[PDB]
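Listed here are the chains, written in short residue letters.
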Amino acid sequence: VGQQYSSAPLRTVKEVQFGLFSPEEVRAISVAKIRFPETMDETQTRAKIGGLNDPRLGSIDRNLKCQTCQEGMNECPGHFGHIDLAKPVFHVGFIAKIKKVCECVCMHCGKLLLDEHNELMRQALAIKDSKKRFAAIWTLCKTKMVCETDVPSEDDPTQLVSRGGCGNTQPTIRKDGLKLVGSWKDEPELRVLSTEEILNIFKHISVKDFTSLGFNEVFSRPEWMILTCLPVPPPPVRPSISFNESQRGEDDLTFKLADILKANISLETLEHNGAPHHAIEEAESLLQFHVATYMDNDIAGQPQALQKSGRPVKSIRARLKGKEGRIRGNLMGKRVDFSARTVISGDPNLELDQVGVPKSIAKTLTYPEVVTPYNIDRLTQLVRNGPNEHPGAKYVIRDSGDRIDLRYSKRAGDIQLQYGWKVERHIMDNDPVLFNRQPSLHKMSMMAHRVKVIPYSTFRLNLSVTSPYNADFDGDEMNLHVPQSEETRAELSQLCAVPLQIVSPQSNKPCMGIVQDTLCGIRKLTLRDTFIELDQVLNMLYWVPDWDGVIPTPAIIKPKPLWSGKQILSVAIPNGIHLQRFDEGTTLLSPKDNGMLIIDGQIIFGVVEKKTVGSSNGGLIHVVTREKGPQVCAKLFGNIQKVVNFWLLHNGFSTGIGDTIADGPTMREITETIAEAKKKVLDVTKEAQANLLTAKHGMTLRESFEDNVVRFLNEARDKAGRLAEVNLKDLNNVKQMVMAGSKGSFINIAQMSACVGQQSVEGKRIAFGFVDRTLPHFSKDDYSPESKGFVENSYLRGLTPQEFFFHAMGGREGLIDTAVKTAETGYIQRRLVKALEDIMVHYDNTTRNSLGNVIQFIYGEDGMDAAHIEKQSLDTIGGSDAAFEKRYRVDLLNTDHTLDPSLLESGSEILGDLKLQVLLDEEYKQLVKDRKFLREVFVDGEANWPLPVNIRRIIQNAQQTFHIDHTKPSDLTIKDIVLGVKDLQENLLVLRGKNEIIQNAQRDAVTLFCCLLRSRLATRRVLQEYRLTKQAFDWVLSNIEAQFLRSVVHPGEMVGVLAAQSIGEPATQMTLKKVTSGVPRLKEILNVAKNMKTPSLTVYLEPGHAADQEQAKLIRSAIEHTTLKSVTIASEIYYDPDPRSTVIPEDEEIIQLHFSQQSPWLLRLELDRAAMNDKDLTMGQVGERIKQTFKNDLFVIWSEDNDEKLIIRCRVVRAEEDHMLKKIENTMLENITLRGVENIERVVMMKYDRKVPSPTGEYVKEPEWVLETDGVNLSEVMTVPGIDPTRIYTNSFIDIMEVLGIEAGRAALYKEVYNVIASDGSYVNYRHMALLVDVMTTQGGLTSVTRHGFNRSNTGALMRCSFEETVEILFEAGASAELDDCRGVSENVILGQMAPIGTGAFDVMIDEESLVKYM
Amino acid sequence: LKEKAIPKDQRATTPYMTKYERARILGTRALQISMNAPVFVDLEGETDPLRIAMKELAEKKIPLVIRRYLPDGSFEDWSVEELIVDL
Amino acid sequence: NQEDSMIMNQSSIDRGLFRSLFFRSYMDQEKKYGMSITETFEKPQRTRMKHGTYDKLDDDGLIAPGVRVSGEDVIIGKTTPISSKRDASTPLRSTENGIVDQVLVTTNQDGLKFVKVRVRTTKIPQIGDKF
Amino acid sequence: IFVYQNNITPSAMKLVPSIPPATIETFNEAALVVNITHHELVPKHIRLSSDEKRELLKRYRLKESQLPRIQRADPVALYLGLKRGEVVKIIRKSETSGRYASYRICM
RNA sequence: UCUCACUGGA
Ligand SMILES: [Mg+2]
Ligand SMILES: [Zn+2]
Ligand SMILES: [Zn+2]
């Protein structure tokens, strides 16, 4: 790029400044005299109309006159026109701002309406924030609508401070499209607002007016907010299109401009000549409408101006609004060169960093490398071979950017390569490239692998890198990007290759492992029966590509050399390993060979399965990568792959219907088991017929029957499945694949053998699409499971067509859910990316945005990386008091806490010494304060926690290196142990400033890890069980320091984008008491909007008593919402004309009871027996409640509860009483509370667990009561006595913030989001969601994850604009004229520099002195 | 201004390197190497400029200065040599 | 056969397994303006310009329907002047190659001399193909 | 300290911006019946003095604007009596690092 | 010479 190199100084961008034109500035810029509405080709000849395109504007190829800026089509930016708008027209998007600024000004003067005479205007002018400041001034200047000349100041009312006069009234203007009607308002004075009048008013609005209105008189001029000279883009913006001759097909913006210039001639000829003062008003509106519909055509002037032949318009808001729009299509990732796309295929003979490229791509994918003396012979040999082979050359780019095009000329073996040229050689081996599959979803979604050129055009990959790509071999497609510069190759090769990626940041696990065929093969292989002959041991030992040439000793040599093939697997596993699992009863004498034990590459015992060689938490690949590094891991994969490959090729593994059919009598047992299941459903149906079903609270009788049917059905299904699975024997191959874990599950074998089970649609079982029945083959009103959707036989025996239709529904439901969830998870993905795009971590380990706003002080509160964090256990947090004291307590001045001299060689002379006893009791009290601290942190007390480098692994590594013999006591000095503990405790530098803020930050950050380290390297541990030496201890502490300061977080990771992708992956895997989860939950939380579809909450009981049922009944009754509709059937108005004796005989006694002043209107309310036993409500309580809630015009009268009708007679206490009394008794029935607060719906009395520490030392899973409910009013349900309001919980984060403060709202947001994601079963790391939840709660409220919040924050314009709001926010930042700092990722994507992050987050400068030094 | 250079005490950054800094250093020295620079250590018969740069940075022998941009717009300088390439 | 991919006896592919012909057809038009102006199908030359070799053309710019076609051959010769001779032939398909099979020389309701080409192409089941 | 039982007139609140510096509070009895810092999701808040604010902003190369914020009408902010410009330390428990400091300006 | 429409695959 850029032939004819010149002398302009070169830089990169720092300023992005917006603002509006002057018309005089356009007259300064342009070189145009535009009047010809006829466009181009003067008298239809290949020549130049000088009115439109080329009045020395841009021309096209082979006709170069472009005011000496010829350059062909390329190398010449076009230049701008202009328009002589006689009548001034509006600017269409700015009209909302025009209304909102004409509410602030007295007309025809320009003065502000409301000034610092107003105290609120004074206080509101202190906002140094332009947009919200103008918003507040607009809210203040919508108040009063008349220019007040003599104004009383904020001192006293009787004196009248003057200002500019002209006390005219501001008319109320309401918008009508291109028309703003000024109706002055006595005397409705509707006046069409002159553009020339408001022109003059804005030309008179002044300096302090603009700047106190948040606008810039240097740049942002609301009198420049009116179009009166419009510049015209060049033909290098609007091109032309031919039909091999210019007959048809020019451009739409060209014809828009010809249209508006024709409308300009229409406004011209009626002002140049006669003036129709009711028809020259439309001489403008044509021109105004056309220049307005140019820039925007979604206006409230609903005539679209649909252009000819059915194509409506081609406008610029439609050009700029994204998704095939201009910004989002050409600016944030486009179609590229140096590209390759094909189908994929597999092979295991290749390796993990290898991809098999076709030879004919290698003949056309190429690389322009410079002429180098280091292989000038081979490069000249490539250009001597020629472009028509594999090892050839395509171009020879010369020294000044000149491509030698080889083959089409006559000398394909031409010139020796001059130094300074670039030979464009083709692809050769071991240039690793980028290789991605769309959709891209995480860090691992792209990787790099070396090239191994092959025939038969596919793209290879190794079969255990096809797992994290989420590809498969159904012809799913992957792309190929070849990096181009030398440093680009270096960057991709040193970062983006697969062994660097292996441990995954997603949920801190390995993302790869071993997959189906290799996996089941290694599952059969490491069985003990796999005895191997001699020459096959020879063949596999050559097959390992890095054999040591050592024929191993045969474990069986009795007569004959045999091998238990675990041992010949062990020659693949390299040195320095340990693992141990202890599955159920694996104590060193396994009757099952399940578990593991490895030493240095000797499998001691145990099968190899997915929880060793796959993706597992205690992964063997994980331990290999931590103990060695990536290239040793990469060779591990090759060894295990090709070893199990050869053993599978010459053993074989098949499957078939023999793996499906169970034995005969057990299939008979299966069928009678489902028969007893239908016996159970038959008994509970016949109990439903008698209607005696005790419906527990939460559901009615029918759904309380339904949950019992579904539960008994699926319980019977899985019991019969277990019966089948333990029927089957070892030679069941699909059972062997199940214990492999390649595909399938116990549910899969259960489906294929015992029974299919239960179809479903949308959570329910099958409901009647007809009336009363699902199928015409069924009776009407059937709640047998056979019509409600049970299926009787498994896939073996078949499908009756009713079952086939049920199952067709149950599958088409799943196709519904994929065909909607791909769309909504794709939108939620792109929203989260464009939200958290720029959050990196800077050098002082603090987390910043594009605008320097600090987001997290230490990333993840420690600077510990998801590329490193493992899971280790605690030891302190459990244990009894006496057991823990026996465990760690050391004293010589006691009976049993002594040591044994078989550990310490100097154990005799150590006795009784207080000079060490003070140190020992220091350490023990340190760890007991630590124990209290841990039980302050973690309430439950589980022990596996995401922490950095494994202490337990590192001491056992020192054991298996330095040969601890457990008979000689050790030479370790106890003072040296304590001193090394202290010195390494003061050694873990994450923060490196020497003052008290930094030191408190460092100590408070790594507090918990240092607690763990001292709990582990305590004295009795390192003596009794790890039993180290002096050299072992020193090497252990050296290793802890070394790998901890290796595993501290580096600066430069785009932790925001990587966090967004790592929470955006496991949302894809989601599917669908009845409280929701899934993509509706995620969308309800990120789009924080108030109408949440299940706002539930939870209370606990009083902290005094444990599980008291009567008191829990009291709390739920006292909270439980109770209205009069809930308690009534018959609300009756009678007219009993005797208000001292009831004409109905039921109520003789009651008035003379009451009299132991009225109306003849008997007002009767029935209560039912069901409701006043549903709540513990007394009739006297209810009557006194009616009393104390009305108290005005009613005589309360009860009835008897012991008599079985509950009647509330009333009359009226002092005739046209019923006409208003019917609305009154409505308001009784459904507008008066009786118990609790509102929004207390279905209240569920649950008896959960309580995982508490014991009052004796241990842990206790305790019973108590915890209520469940599905309402929200947190302030009012909180204040009720009888609960545990310090431990209340709601999901409704809006009310949680507004009730309990923003930081507790953030923390509850976090627990909510984490638990509703990990309810699926998947996992993610803490820190990615931590960064996300903090950017949610940083701006002060809860910023919604949409265009309502963060994309309406005060951040940079061009970073903000690329989420489909292009015209709005671009015209906004042109109105306020903002300075964008160019400190943003998307900004440098748009403007083409290095992104100012990561490997763009520093400089590189050449030294002068070390150049002299190193020679 | 350039009133923004901390001297070589109280440098709050690391005495290590990072992967990204390592990547840019390796690439930049490789760009010089493939752009016909004087090498500083002997070839091992090696025309592989990534491997050449890794040989050079085995022993702190690459003549460059890093500018760690401090998080306010200021910066520190850094010799390549005083880092610890432990990884 | 990791991840469902299947493995193929190449010898039966020689014996005929999944062997297949393929039939695409073309079009070309001597176009019609509004002023009754007819165009021409004849053997074009240099008198939008290509550089495809005229080696398999006919008298009237056609191709005989039984010859192997390859590379970037000019498919249908076409010329049109305005009152010059343009390069209105259409070159070959960049994505496929084969044998021209069947040529008919027809017209429409209003007399546009209309010639067509169907192509036959053998295709053998190669490795990167989906079954 | 001024505590209403149920209501205070909004037009009565036009007497509030009256004098520097003595400030009148406004509190619901019912909302303060239980503590809004006793809740186990509420982290403990601790004040800062202005010279230590100068200390902090010189340590972190920061200003007033670059900080994580809060609104003045925040419930525990009105529990603490926080006015415009301050800095409040927040020390919260966690999982992967035990303890961690948090700083909020009060705009 | 491409704009749009509708199919097709993942
Ligand atoms: Mg697929
Ligand atoms: Zn020019
Ligand atoms: Zn005025």
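Now for a look at the structure at hand. As a numbering rule, every chain is indexed from 1 in the order its sequence is written, which need not reproduce the entry's residue numbers; residues that lack coordinates are not presented. The lettering of chains begins at A and the numbering of ligands begins at 1, in the order of writing. In this entry, the chains presented are a subset of a larger assembly, and the associated values cover only that subset. By convention in this description, side-chain values take in all heavy atoms of the structure and omit both hydrogens and water.

Counting secondary structure elements, chain C contains one helix and nine strands. At 20 Å, chain C has a C-alpha radius of gyration far larger than the 14 Å of a compact globule built from 131 residues. Taken along its principal axes, the extent of the C-alpha atoms in chain C is 65 × 35 × 30 Å. Looking at chain C residue by residue over its 131 residues, the buried ones come to 31%. Carbon and sulfur atoms provide 50% of the accessible area of chain C, an area that totals close to 9000 Å². A positive count includes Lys and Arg, and a negative count includes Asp and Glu. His and the chain ends are not counted in either. By convention, charge coordinates are those of NZ in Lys, CZ in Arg, CG in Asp, or CD in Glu. Charged side chains of chain C number 21 positive and 18 negative; the gap between the two group centres comes to 2 Å. The helix and strand labels rest on DSSP assignments: H or I over at least four residues marks a helix, E over at least two residues marks a strand, and numbering proceeds from the N terminus. Atoms counted for the radius of gyration: C-alpha only. Globule rule: 2.2 Å times residue count to the power 0.38. Each residue gets one of three labels from its accessible area relative to the maximum for its type: buried under 20%, exposed over 50%, partly exposed in between, using a 1.4 Å probe on protein chains only. Here, Shrake-Rupley sampling with a 1.4 Å probe gives the accessible areas, and only protein chains in the shown set may cover a residue.

Moving on: helix α28 (residues 914–937) of chain A. Spanning 24 residues, α28 of chain A covers 34 Å between terminal C-alpha atoms, matching the ideal 34 Å at 1.5 Å per step. The complete set of buried residues in α28 of chain A reads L916, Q917, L920, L927, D930, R931, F933, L934 and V937 of chain A. Check the buried side of α28 of chain A and you find it contacts α27 (881–888), α30 (974–985) and α32 (1007–1016) of chain A together with β5 (99–105) of chain D. Pairs of N or O atoms within 3.5 Å make up the polar contacts considered here, provided that, within protein, one atom can donate a hydrogen while the other can accept it, and that residues adjacent in sequence are counted only when both atoms are side-chain atoms. The backbone nitrogen of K915 of chain A has a side-chain oxygen 3.1 Å away, supplied by the residue at the start of α28 of chain A, namely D913 of chain A. In this scheme, a helix's expected span is set at 1.5 Å multiplied by one less than its residue total. A contact between two residues is defined here by any heavy atoms of the two lying within 4.5 Å.

Here the focus is the coordination of the magnesium ion (ligand 1). Metal donors were taken as nitrogen, oxygen and sulfur atoms no farther than 2.8 Å from the ion, or 3.2 Å where the ion is Na, K or Ca. Water is excluded, so coordination may look unfinished. The coordination sphere of the magnesium ion (ligand 1), as far as protein atoms go, consists of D474 of chain A (OD), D476 of chain A (OD) and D476 of chain A (OD), spread over 2.1 to 2.5 Å. Under the relative-accessibility criterion, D474 of chain A is labelled partly exposed at 37%.

Let's shift gears to the packing of helix α16 (residues 534–543) of chain A against helix α20 (residues 630–649) of chain A. Packed helices, taken two at a time, are described by the angle between their axes plus the distance between the axes. Residue and element names in this part refer to chain A. Note on geometry: axes are C-alpha line fits, over the in-contact stretch for helices, and angles between N-to-C directions span 0 to 180 degrees. Contact geometry for α16 and α20: axes closest at 9 Å, N-to-C directions at 145°. Like other packed secondary-structure pairs, α16 and α20 cross with a definite hand, here right-handed. Where α16 abuts α20, its residues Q536, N539, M540 and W543 lie against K642, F646 and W647. Amino acid classes used here: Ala, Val, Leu, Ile, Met, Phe, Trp, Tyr, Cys and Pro are nonpolar; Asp, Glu, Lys and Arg are charged; the rest, including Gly, are polar. For the contact of α16 with α20, the per-class residue count stands at four nonpolar, two polar and one charged. By convention the crossing between two helices is left-handed if the near helix lies anticlockwise of the far one by an angle smaller than a right angle, and right-handed if it lies clockwise.

Before going further, it helps to examine the protein's contact with RNA strand E. Here, proximity means that at least one heavy atom of the residue falls within 4 Å of the molecule or strand. By nearness alone, every residue bordering RNA strand E is listed as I241, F243, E324, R437 and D476 of chain A together with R48 and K130 of chain C. When atoms of RNA strand E within 4 Å of the protein are split into backbone and base, the sugar-phosphate part holds 69%. Contact distances for RNA strand E include 3.0 Å between a sugar or linking oxygen and a side-chain N or O atom of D476 of chain A. Within the side chain of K130 of chain C, a nitrogen or oxygen atom sits 3.2 Å from a phosphate oxygen of RNA strand E. Its residues assigned to classes, the surface near RNA strand E shows two nonpolar, no polar and five charged.

As a further point, take the coordination of the zinc ion (ligand 3). Residue and element names in this part refer to chain A. Looking at the zinc ion (ligand 3), one finds its protein donor set to be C106 (SG), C109 (SG) and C166 (SG), positioned 2.5 Å from the metal centre. Spacing between the donor residues of the zinc ion (ligand 3) along their common chain follows C-x2-C-x56-C. Of this pair, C106 sits in the loop between α2 (95–102) and α3 (119–124) while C166 sits in the loop between α4 (130–141) and β2 (172–176), and the two are 60 residues apart along the sequence. With relative accessibility at 0%, the residue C106 sits in the buried group. We classify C166 as partly exposed; its relative accessible area is 40%.

Taken together, the 38 residues of chain A in the interface contact 46 residues of chain B. Buried area is understood as the total, over both parts, of accessible area removed when two parts are fitted together, assessed with a 1.4 Å probe. Surface buried jointly by chain A and chain B totals about 4100 Å² across both partners, of which 61% is contributed by carbon and sulfur atoms. Any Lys or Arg side-chain nitrogen found within 4 Å of a carboxyl oxygen on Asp or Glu counts as a salt bridge. Here chain A is connected to chain B by two salt bridges. In this structure, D9 of chain B and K994 of chain A form a salt bridge, with 3.8 Å as the shortest nitrogen-oxygen distance. Connecting chain A to chain B are eleven residue pairs in polar contact. Every element with two or more residues in the side of chain A that touches chain B is listed here: α13 (486–495), α34 (1030–1047), β37 (1402–1406) and α49 (1409–1413) of chain A. Ranked by the residues each element gives to the side of chain A that touches chain B, the list is headed by α13 of chain A, at six residues. For two strands to pair, DSSP has to find at least two bridges joining them. Examined bridge by bridge, β37 of chain A and strand β1 (residues 64–69) of chain B share five bridges and lie antiparallel to one another. Bridging across to β1 of chain B, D1403 of chain A finds its partner in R67 of chain B.

Moving on, we come to a positive patch on the surface. All names here are of chain A. A patch consists of residues exposed above 30% relative accessible area that lack any salt bridge, with like charges linked at up to 9 Å and nonpolar side chains (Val, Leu, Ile, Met, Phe, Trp, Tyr) linked at up to 5 Å. Side chains of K99, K100, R174 and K175 sit close together on the surface and give a patch of like positive charge. If you list the elements that add at least two residues to the positive patch, you get α2 and β2. On the secondary structure map, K100 appears in helix α2.

Facing the 39 residues of chain D at the interface are 47 residues of chain A. For the pair chain D and chain A, the two sides together bury roughly 3800 Å², of which 56% comes from carbon and sulfur. If you sort the residues of chain D by the area they bury against chain A, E95, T96 and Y100 of chain D come out on top, with a joint share of 18%. On the surface where chain D and chain A come into contact, there are three salt bridges. Salt-bridge contacts for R99 of chain D lead to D1004 of chain A; the nearest nitrogen and oxygen are separated by 2.5 Å. At the junction of chain D with chain A, the criterion picks out 23 residue pairs in polar contact. Counting only elements with at least two residues in the side of chain D that touches chain A, the list comes to α1 (50–59), α2 (75–80), β4 (87–93) and β5 of chain D.

So, on to the environment of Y54 of chain C. Residues and elements named next belong to chain C. Its place among the elements puts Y54 in the loop between β2 (28–29) and β3 (68–69). When the C-alpha atoms of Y54 and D73 are compared, they prove to be 7.1 Å apart, with 19 residues separating the residues in sequence. Every residue in contact with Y54, bar those within four places of it in the chain, is listed here: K43, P44, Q45, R46, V74 and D87.

Let's shift gears to the side chain of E424 of chain A. All names here are of chain A. Within the secondary structure, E424 is located in strand β10 (residues 422–426). The buried charged residue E424 lacks any salt bridge partner; its closest oppositely charged side chain belongs to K394, at an N-O distance of 4.4 Å. Contacts of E424, omitting those with residues within four sequence positions, involve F338, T366, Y367, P368, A393, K394, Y395, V396 and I397.

What follows is about the pairing of strand β25 (residues 1097–1100) of chain A. Residues and elements named next belong to chain A. Of the two faces of β25, the one holding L1097 and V1099 is buried and the one holding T1098 and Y1100 is not buried anywhere. Of the pairings in the sheet, the one linking β25 to strand β34 (residues 1266–1269) comprises four bridges and is antiparallel in character. Residue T1098 lies in a different strand from β34, and its bridge partner there is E1268. Sheet analysis places β25 next to strand β35 (residues 1289–1290), joined by two bridges and oriented antiparallel. Considered in β35, the bridge of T1098 is made with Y1289.

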